[PDB]
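Quick setup: one chain, the form deposited in one PDB entry, written in structure tokens, and binding and motion questions come after.
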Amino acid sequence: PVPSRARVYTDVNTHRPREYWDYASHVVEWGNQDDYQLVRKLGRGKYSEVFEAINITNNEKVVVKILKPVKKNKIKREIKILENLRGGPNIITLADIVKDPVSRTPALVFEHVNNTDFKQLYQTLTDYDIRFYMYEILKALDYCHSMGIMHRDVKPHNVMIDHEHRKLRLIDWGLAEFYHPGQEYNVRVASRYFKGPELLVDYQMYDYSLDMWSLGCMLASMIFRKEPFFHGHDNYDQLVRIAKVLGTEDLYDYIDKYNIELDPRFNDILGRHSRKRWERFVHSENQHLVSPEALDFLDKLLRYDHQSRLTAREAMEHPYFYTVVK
């Protein structure tokens, strides 16, 4: 089980104070619960409950996330991460933290973004809008990574966009974690369609590059107009779906390199697949969204080997964004 480390922001946490990354010893400075009045109910995440509210102190819109009682440790991990990234580029900003009378658990109050569902939205994005918004997501990722943080749940649903004002906000940091070289993480993060091969092959020593694969998954669906791009029926089939595209040769090279051994079941369903060129995923209805630079960029994001993927910053240096203004 060969070890690996991140090629960037490798030890950013190791040098910082302990109070920076040790969320277990963090003390929550609570605010006044009476300043917020809930209006309807937006989400029901099975890990939290999301409401649209109003800060009656200034009559302004806010989003309250009342967390379900699953582990004080996952809740203060999120709170510390949100406070560390407070003010970062396109990072959702935590405005307050109060105690909910009814649930008795913490309630996080955030600013307010007016996102219209991504299933009706990013199939209405022009080639230009895709590059634009992708560049905005990349700002968010580089910032949290430069801060020693992995989002680990990058997908269209955790990306709030205000198309009119062309604003973007990476949200839901409940799965976020701090990066420590050599640290082994739980492979049960992300959503099936956006899970990297490392997660699917059971390789626990991953890093920032995990978010990059998921970013590659989102791009692929936007430019090829195939949502989701890798459509697995379950986690095992998810890997086979990816192998039908990237091929099995590169998969073995990847697992061999790290001396990872697939579990037996992954060996009577995988098969033999050559890597296919992505012009095969190009047709009449998505043509206008594909260009040589888009394909080159996508190619560097979607690599089995997590060490070979473009870093968030390198990604922002790619020709693909030369067209995006300032």
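Position 1 is the first residue in the sequence shown; the rest follow in order.
Keep in mind the form solved in complex with a small molecule is missing from the figure; the text below concerns it.
Annotated contact segment (heavy atom within 4.5 Å of the small molecule in the deposited bound form): 35-43, selected among 276-284, 293-301, 253-261, 35-43.
Screening 178, 224, 110, 143 for any heavy atom within 4.5 Å of the small molecule in the deposited bound form leaves a single hit, 110.
The partner is absent here; in the deposited bound form, the one residue of 201, 246, 160, 147 having a heavy atom within 4.5 Å of the small molecule is 160. With a 4.5 Å cutoff on heavy atoms, residue 50 counts as touching the small molecule in the deposited bound form. None of the heavy atoms of residue 289 is located within 4.5 Å of the small molecule in the deposited bound form. At the 4.5 Å threshold, heavy atoms of residue 92 reach the small molecule in the deposited bound form. Interface residue remark: residue 171 is counted as part of the site for the small molecule in the deposited bound form, having a heavy atom within 4.5 Å.
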